[PDB]
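Q: Chains as they are written, first to last, in the UniProt record's numbering: chain A, 2 to 81; chain B, 1 to 380; chain C, 1 to 380; chain D, 85 to 325; chain E, 134 to 277; chain F, 128 to 274. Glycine included, each C-beta is placed from N, C-alpha and C at the ideal position. I am attaching a structure below and will ask some questions about it afterwards.
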Ligand code: HEC
Ligand code: HEC
Ligand code: HEM
Ligand code: HEM
Ligand code: HEM
Ligand code: HEM
Ligand code: FES
């Protein structure tokens, strides 16, 4: 019922493609991969990173608070 | 002549579901993960079958049979640690699959989503009983704790717990029936996954833009065939570097001791993928409150399609709800960390705040944010 | 609009398979039997699952666990004897289903017939290893005998038998892997039954006249719904009287002793549904020839669609081939009787003549009879 | 005290990612277990045939197995009898049942050391720190008979007397048997006892890393072939205006 | 298992308490004898089958828990075996420790005739003939 | 990779290390004195070994093949007639034969009285068949490898 031939109505659209044996599999891989990755990470880093930053701060604070919770209070054994 | 691929009644279903299936051209690597889950299921089943040819479900001999598998069966340690780390890989791929479904608005496929949350419940039950199966110290005490908190239901809870146990406590009958149930449930999971694929294939897949991708669809073969093969290879790389190099970084050492009913461990945990729910279960000082908190913490995914108040399906063009989503992932990681911690200061107040924030972000903050985002685009 | 039974994607499969399926009006009670098989399969699975809740696959405690099921588990004797007599009922229904397919020309549905032959092989293997599972005297000695006949294969047979054994003889590893395989094979049988129904619903079903029943077809619901429920209720009458009144008329008494490798029984037999194949194998005075005789007996049952040399499909209007068919069924009864007898006079010559007549009736006499009938009816 | 002291990280010869065990150290640690640790601790899941091809030859392990006496039976009169041990025999029990261990060790149960570096946090570092960490208790805390102070044991009151000192045994290869050397050897032996597949696992991991380093860029290249037919596709909209 | 079938609770408890069974280990790991309980199984006469073979002239007396279901004829076979001890016919030479029983396969059983007339005294005053005792023990074996 | 995975799983389905350890016996050696048979345990079965004299060899070889209950000479039962190795299970009801008893001077079963000779043949008794001889191997004379 839902196969190729009856998916959508498309008019006046031209597509050009070439054979995979005709073109390279890695056309300028590093020289255009690096700026594209940098663009994607600079468009998403402010939405993604600060929650995990404050997870790191909460994790370190909780671990150190537990460590000083196990620490001996020097105020005890001071009266006698 | 006759095209055999489109006419043979067994090859027609295989064609329509894997070869000539019209898939969106722009789906990212996250859409690999569900196929990985299926592969993981098969891997688990295969490894489970090769654990079943030597495992004995007797409390006198279960630990001895597991050690015999690890020490005397040829490459039996390999199959056992592949089974354990494949359960861990199953839950990693399951969590990322659910996160993809939450982020890209795929829950509007409501029947597929509900069959999914049924599959998630079945997989969690299977993994729990499987972890009980080696009959270590940790297995026995985890089963005892989970069933004891399951006894919190009024007027039927003690009877139901003694019915599940087959006795006064966790004993030989519990281990044998857990072996039977852990054997039989992954085939029900496979059948439910077939229903899951059918309910997806009535309407096609979603794309990361969330738009109607009918203008740009490609056949599943060879594009997503080779993409799924590459994802399978990467998942196998991570699974074998988990098995062959760090085989005990995810398990607990106390499971290598035999089950002592007289000796209790100083700190009782489930395995890591349950841990966040355990934190929610101990964020309320009431037994029924914690039990219902765990049940609604899993069932809030089923409640999720009724909370969508935005005119855009995906979160690609929705930055405020993106921020709320990553805060949700953040305090899910926080609840996972709290669930492995003992119950003292400040873990109690951190877990309580994390559970409150989890339920308030899913229930309250995301629909209000979607209303605000619709107001910003002059739509509301 | 609201015709959910034919618009819901899950519900339309059940509709198309069981409610609005066009079935011939004139099919007799023989066409009930396959449906009974599916129900009987479900019964086996259910009883087996509860039998898996208390059984241990350890050679020191398998017999002890069977006695503990029969004595201490509430209605555990009922579950065990329903499982054993349901295996017997399953093979009765298989024999009548295969006989219907042979008589009424249903083998011309070739894919359905071949998937059936694979199903029959899987069910026979499952029942063999399940009979090995209680670890009585006859279980151990029948497993040893059948694996020795497997070791009759030249140049690869001995290594294959020690690979299947997991050692030097039938032992702990054999019993545990037989429990694993006996658990896992009925789900593959259920999937192959789904493929069976898929091919049959692709081609439609046959009627006792062998004619095109497209002119007179009725919905499956409620006619064959109430007819198969009547058949299920009759089958449950026979199964429950076999369980509650004569529990040991089909079983063997020597399986109620523990397995002793030192003591051999005076006469070793398999169960009654393997006795005709045992008599076929035992008649030829050779090992490899007897194993090939058993395999090629079930394989000429598979080869039956290539021997049909008649212009009519069913045997309703073919009296000579009817006589040959009833002689064949009579010969199968004789072979089943001989398989339970020891090797003295005149059982060797009776079994030899029975097997020779069996292969001669299937391979030679039936197509010659069909050609004679085509001459007598002035077809050509 | 409820406060715990974590053992430090020691530079083990098997600590590295592909670093196997030193088998001479496993042989020396087996000698340490046989002469010292076998009097109280058990090794129920380790047999003598596991030592063949790891620390000893077939005849050396056969002699080691036949040095001890194993209960066996039943005889033709139905009675138990002692016999010399063989390669299929497991390591002998110190006690017939754990209650005899409780009676002989002042109420304490010496655990089975077959998974003792797998069942403890720290692994062989914890075993080395426990064996080489016996010291005098500080002021304020006092301990009774049958108890010994050990800061690495949880609760700091272990029921095990210090079993290792300088020259507690004589090695076969003439190695000086100091306390640190004997503890390092027995920790290596216990690491092997918990993980007998360790060297084979690391060899498999090395082959896996080499095979994945070969196969990942090649499968990536095949994917980018079959997808670079699409990733250079160009579109054009030509409405008739 | 005898409660609610043949005996009451106190009767079966007295039956259990009149025999001494094996218990252990204690706090110092030593086996010791104790009075029997209701959950205790019926005591084995021998600790191992080799001791049974040594005591019973090579032959092993089988466990009679399924001896009705593991023999052809059921309790008819047991009743015919217990009441069917007869003198051997001519031409049959019989060794020591063996007894002629035509219902036994091979007609040479290693079991001496275990029941006779007044072989025990019944609690209910039933006369203990050989046939009555054999019928009672065959009924008990069918129940077992 | 697929070869190694399939081969490892198939080898996992094969015999384990403890089964392979229990299959081979320790060295029987030449501890057997003249006339006496001794019994070891092998695969849950008794195993009798005995030194044999030439007069007993000829006395067992005087009995023909086809005239017995089962056709088997003395020459094909053993490779070297100096030693006799057999499985010590009576094949009637699984009992143990008594060493140096019976009318033939071989073995006797106290269960139901089956007379066995020095070669393990049945001649008088209800035993349906003989006592089976395992397939052993002859190394240098200090070691015989059976199993
Ligand atoms: C008898 C005097 C023993 C000798 C010889 C050895 N051990 Fe022991 N050990 C003994 C006891 C009574 C206990 C339990 C004490 C308690 O309070 O629980 C132990 C314990 C250990 C442990 C476990 C430590 C833990 O955290 O549970 C280890 C790892 C251990 N012992 C090591 C060990 C080694 C390597 C030995 C040979 C040198 C050895 N022990 C000898 C009693 C005795
Ligand atoms: C010691 C003298 C015994 C007494 C008291 C009882 N039985 Fe026995 N029994 C004994 C032996 C040594 C054997 C095996 C002998 C042999 O030739 O195999 C048996 C055997 C039986 C059997 C099994 C018969 C069979 O066909 O296998 C039965 C059913 C049996 N005995 C019954 C039985 C009953 C009911 C007894 C109480 C009256 C009884 N026996 C006492 C030794 C002894
Ligand atoms: C039908 C297929 C399966 C079978 C037959 C099976 C069988 C077994 C057996 C026998 C064990 C005990 C051996 C051991 O200790 O590892 C086991 C353990 C386990 N199984 Fe499965 N299993 C199956 C599928 C799964 C699946 C799908 C999961 C994941 C949800 C799973 C999760 C586990 C876990 C976590 C353990 C504990 C491993 C450990 O000891 O650490 N199993 N399984
Ligand atoms: C048992 C584990 C699971 C398996 C094997 C599984 C299998 C699959 C497969 C094969 C697909 C199609 C490929 C893809 O889009 O990734 C898919 C898609 C999907 N699954 Fe699952 N799934 C599982 C768990 C879940 C769960 C728990 C949910 C619910 C949260 C879920 C909801 C979905 C949705 C919504 C899609 C559609 C993806 C889209 O179009 O965006 N699945 N699943
Ligand atoms: C997956 C479902 C099944 C499971 C879990 C299962 C499990 C078991 C178990 C545990 C036993 C041993 C208990 C006993 O001896 O009665 C057993 C026995 C047996 N099973 Fe199954 N079984 C299953 C399906 C089947 C099927 C489909 C057949 C064939 C019709 C079958 C034939 C048998 C037979 C013949 C026995 C021996 C009965 C006896 O002698 O006591 N089983 N099964
Ligand atoms: C595993 C057991 C089996 C099950 C559950 C099964 C199931 C079924 C079902 C539900 C039907 C349709 C209803 C009917 O006509 O009776 C059917 C028909 C059929 N089956 Fe099977 N079957 C089994 C075994 C076999 C075998 C062993 C064969 C091959 C000899 C076979 C060949 C056929 C054929 C030819 C039909 C068509 C009947 C006709 O239209 O005349 N089946 N089966
Ligand atoms: S058992 Fe040996 S003579 Fe019968």
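Using 8 Å as the Cβ pair cut-off and three pairs as the minimum, do the segment 261-278 of chain B and the segment 337-353 of chain B touch?
A: Yes: the two stretches touch, three or more of their Cβ pairs being nearer than 8 Å.
Q: Give, in chain order, every residue of the segment 86-120 of chain D whose Cβ lies closer than 8 Å to some Cβ of chain B.
A: Answer set for the segment 86-120 of chain D: 101.
Q: Could you tell me the distance, in whole angstroms, from the CA atom of residue 87(B) to the CA atom of residue 133(B)?
A: Distance between the alpha carbons of residue 87(B) and residue 133(B) is about 14 Å.
Q: How about residue 234(E): is its C-beta nearer than 8 Å to some C-beta of chain F?
A: Closer than 8 Å: no.
Q: Residue 49(A) versus chain B: which residues are under 8 Å apart at the beta carbon?
A: Per Cβ cutoff of 8 Å: 326.
Q: Between which two residues does the alpha helix (DSSP H) containing residue 178(B) stretch?
A: Unbroken alpha helix (DSSP H) run through residue 178(B): 172-201.
Q: For ligand 7, is there a heavy atom less than 7 Å away from the beta-carbon of residue 266(C)?
A: Not so, every heavy atom of ligand 7 lies at least 7 Å from the Cβ.
Q: Note down, in chain order, each residue of its chain lying with its Cβ closer than 6 Å to the Cβ of residue 200(B), except the 5 sequence neighbours on either side.
A: Counting only Cβ-Cβ distances below 6 Å, and skipping sequence neighbours, we find 112.
Q: Do the CB positions of residue 308(B) and residue 108(B) come within less than 8 Å of each other?
A: Cβ atoms of residue 308(B) and residue 108(B): closer than 8 Å.
Q: Kindly examine ligand 4 and report whether one of its heavy atoms sits closer than 7 Å to the Cβ of residue 383(B).
A: Here chain B covers residues 1 to 380 and nothing more, so residue 383(B) does not appear.
Q: Following a CB-centred definition, is residue 112(B) positioned closer than 7 Å to any heavy atom of ligand 4?
A: Checking every heavy atom of ligand 4 against the Cβ of residue 112(B), one is found closer than 7 Å.
Q: Return the residue from the list 280(B), 310(B), 368(B) and 207(B) that minimises the CA-CA distance to residue 32(B).
A: Comparing Cα positions, the closest option is 207(B).
Q: Leaving out five residues before and five after residue 204(B) in sequence, what residues of the same chain have Cβ atoms less than 7 Å from its Cβ?
A: Cβ within range, chain order: 22.
Q: For residue 118(C), report the span of its alpha helix (DSSP H) as first-last.
A: Run containing residue 118(C): 110-132, per the alpha helix (DSSP H) assignment.
Q: Quick check on residue 234(E): buried or exposed, where buried means 16 or more other Cβ atoms within 10 Å of its Cβ?
A: So residue 234(E) ends up on the buried side.
Q: State the DSSP-derived secondary structure class of residue 163(D), mapped to helix, strand or coil.
A: Residue state, collapsed to three classes: coil.
Q: Could you confirm whether any beta carbon from chain F is found closer than 8 Å to the beta carbon of residue 286(D)?
A: No, because no Cβ of chain F sits closer than 8 Å to the Cβ of residue 286(D).
Q: For residue 190(B) and residue 94(B), what's the separation of their Cα atoms in angstroms?
A: Distance between the alpha carbons of residue 190(B) and residue 94(B): 14 Å.
Q: Buried or exposed: where does residue 266(D) fall if 16 or more other Cβ atoms within 10 Å of its Cβ makes it buried?
A: Buried, since its Cβ has 16 or more Cβ neighbours within 10 Å.
Q: Assuming residue 143(D) contacts residue 169(D) under a Cβ cut-off of 8 Å, what Cβ separation, rounded to an integer in Å, is found between them?
A: The pair is not a contact, with the Cβ atoms about 14 Å apart (cut-off 8 Å).
Q: Do the segment 47-60 of chain A and the segment 318-338 of chain B touch if we need at least three Cβ pairs shorter than 8 Å?
A: Yes: the two stretches touch, three or more of their Cβ pairs being nearer than 8 Å.
Q: Please report the residue range of the alpha helix (DSSP H) in which residue 294(B) lies.
A: 287-303 is the extent of the alpha helix (DSSP H) around residue 294(B).
Q: For residue 193(E), name the three-state secondary structure that DSSP assigns.
A: Of the three classes helix, strand and coil, the one that applies to residue 193(E) here is coil, per DSSP.
Q: Tell me which same chain residues have a C-beta within less than 8 Å of the C-beta of residue 143(F), skipping the five on either side of it?
A: Here the set comprises nothing.
Q: Closer than 7 Å between beta carbons: that is the criterion. Which residues of the segment 45-72 of chain B meet it against chain C?
A: Taking 7 Å as the Cβ-Cβ cut-off against chain C, the residues of the segment 45-72 of chain B that qualify are 49, 52, 53, 54, 56, 57, 58 and 61.
Q: Are there 16 or more other CB atoms within 10 angstroms of the CB of residue 354(B), so buried, or fewer, so exposed?
A: Flag for residue 354(B) reads buried.
Q: Less than 8 Å separating the beta-carbons of residue 236(F) and residue 243(E)?
A: It is not a contact, given that the beta carbons lie outside the stated cut-off.
Q: What does a CB cutoff of less than 7 Å around residue 122(C) pick up in its chain, not counting 5 residues either side in sequence?
A: Within the same chain, residue 122(C) has close Cβ partners 185, 188, 189 and 192.
Q: Alpha carbon to alpha carbon, what distance is there between residue 40(C) and residue 118(C)?
A: Looking at the two C-alpha atoms, the distance is approximately 18 Å.
Q: From the DSSP secondary-structure annotation, give me the bridge partner or partners of residue 221(C).
A: Answer is none; residue 221(C) lacks a bridge partner.
Q: Of all residues in the structure, which have a C-beta closer than 6 Å to any heavy atom of ligand 7, taken in chain order?
A: So the residues near ligand 7 by this Cβ test are 217(F), 219(F), 220(F), 222(F), 236(F), 238(F), 239(F), 240(F), 241(F), 252(F), 253(F) and 254(F).
Q: Per DSSP, what kind of secondary structure is residue 89(C) in: helix, strand or coil?
A: If DSSP states are grouped into helix, strand and coil, residue 89(C) belongs with the helices.
Q: Report yes if the C-beta distance between residue 38(A) and residue 326(B) is below 8 Å; otherwise report no.
A: Not a contact, by the Cβ cut-off of 8 Å.
Q: I'd like the span of the alpha helix (DSSP H) that includes residue 272(F), first residue to last.
A: First-last for residue 272(F): 271-273, but that is the beta strand (DSSP E), not the alpha helix (DSSP H).
Q: Whose C-alpha, out of 74(B), 81(B) and 54(B), is nearest the C-alpha of residue 243(B)?
A: Closest option to residue 243(B), Cα to Cα, is 81(B).
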